[PDB]
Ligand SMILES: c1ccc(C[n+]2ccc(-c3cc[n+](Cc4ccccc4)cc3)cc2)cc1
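A single chain comes next, written as structure tokens; it is the form deposited without the named molecule.
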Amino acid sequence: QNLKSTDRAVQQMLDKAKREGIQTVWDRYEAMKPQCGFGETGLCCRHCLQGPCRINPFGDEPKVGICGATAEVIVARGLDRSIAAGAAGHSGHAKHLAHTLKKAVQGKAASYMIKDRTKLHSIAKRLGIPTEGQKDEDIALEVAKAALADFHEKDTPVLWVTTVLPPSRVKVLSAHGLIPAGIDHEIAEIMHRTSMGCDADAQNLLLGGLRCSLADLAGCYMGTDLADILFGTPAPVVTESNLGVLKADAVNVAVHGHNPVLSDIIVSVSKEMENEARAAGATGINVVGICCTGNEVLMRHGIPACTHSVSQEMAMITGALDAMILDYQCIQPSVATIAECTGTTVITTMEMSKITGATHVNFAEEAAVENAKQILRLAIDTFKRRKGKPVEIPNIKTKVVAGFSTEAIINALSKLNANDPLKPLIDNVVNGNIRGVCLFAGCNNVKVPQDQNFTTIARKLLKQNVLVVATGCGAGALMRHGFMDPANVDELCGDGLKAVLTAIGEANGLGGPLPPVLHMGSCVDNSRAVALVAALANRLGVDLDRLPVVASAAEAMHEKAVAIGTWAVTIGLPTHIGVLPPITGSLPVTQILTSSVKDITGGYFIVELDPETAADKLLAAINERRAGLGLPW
């Protein structure tokens, strides 16, 4: 089982699933091998009913699509559609939060409110919305209106791009025509240009993809901004992760998906129903997180994280998961059938994301509290049905310090330099105590033993004094393996990094260091890393493609991760991807994305499936940036 997952709690549940005859994601993968090499390499097109068209990577015919589409065109069109799909998910999440904020301040959804007034005002100022002499509800209405306006063409480009990157970066992107005109506008233009008989030049197609990736970045940044207004900006918090956070004697409720609009309410309502849970024979309601919705409530409320991504079915296999409350994205639909075997009540809540066989509850912000109570009462009923049934919860969990929003990181740094908070970080980059910064992002992927790339690369970088930040299921992997526990700083961290983590932590009262890796939140919260990196660029007076900052989607899976990796490149970062994207069937496309894009945006992909080698390549990229700034390395 260690060939499937490096997480020992997951291995234990894989053994239980095996002896119980419950098919898992790893079994479904095995049943799919050998997978189609045309699709793997990107050399398949189904964009019209003359297809499917495939192209042999090497050899004889077929060499070209039926309509004349070359391998370069087919590869670029497929990649573009994946970027647009990722943009559609992150920006759909953001759009749903914009409507929630609007309803809240119009008096239509009293369960929601402006919780972070400071963030509201700072966002308004960044957008150019006047605040002097205005009521908060009116400022927030204007912010929500501006958020919705960025989805379509108007007299300004997408402000959640142009107002969040330094002017010099916007200028570079504008010169290449890469600034998006509207989020949904770009998604639709991708779908058009990639349809049959339209765009058929690889460079033109890929420039379109870069622009659509910035629409994804805008959706990410808008989602973080709106969730922080509504639910609070994260600050440091201590909690736990892995399956051992489930409790046999409690009602265990997983919140799973991405948009916390309802699960933030689940968290507060669950505390009100504790006596109702006790009357049912439980100790209380134990809300736990899966995937990004779990990250959201972990960052804001310290809700413990049960599991992530590829191993999500294993929470059910314990027998103790009474409910799994779903919104959208990254939910294996297998959960609906597995629930028949495990007793879990799987509940969907969003109209556009249903699963055959799950119970649907039509969540509405206007009825959020009542919807939550209905859902939690189903979970309570399920707990009662398992009275006397043995469960197998692996007694495996790690300590997690998280909550490192960009505001929290700046505030922590300010304890070392109150009026120039970024300077202590830059000082330590310059003197070599911090070699550079690496953001781990993205998913797990069944093709890679779970977490093996994240942990292998992270260990090498930390020993070489890299400041490591993480989001989404990259944060999930690292938290489950102890990388967010300050007690592991001595084992994991180079001496220089250890010294910095210790100085900051002690200056913040912790009596110990910051953790080895800083959790910056959910996948939309990759935008927080952008805010941090853009703030460093501004403080130094250089563009992002001169900073010693890299990204790694070390185990990527979702179309969203493709979009994120693409915008990381577009804003100027060397960006590693540790699974093969469907590009290798076209050398010209691969060369653009890994080499000639450097001349456009200064960023570039690093495709490397071997994690030791990937770590070496990421260090080389960091060190090349250091040398370009005249620094030792």
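The numbering used is simple: start at 1 and walk along the sequence shown.
Although not depicted, the form deposited with the named molecule bound is the subject of the following passage.
Contact check for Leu609: a heavy atom falls within 4.5 Å of the named molecule in the deposited complex. Interface residue remark: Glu30 is not counted as part of the site for the named molecule in the deposited complex, having no heavy atom within 4.5 Å. Of the heavy atoms in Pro574, none are within 4.5 Å of the named molecule in the deposited complex. The named molecule is not drawn, but in the deposited complex it has a heavy atom within 4.5 Å of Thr41. Within 4.5 angstroms of the named molecule in the deposited complex, the stretch 579-605 places a non-hydrogen atom from each of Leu580, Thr584, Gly585, taken in sequence order.
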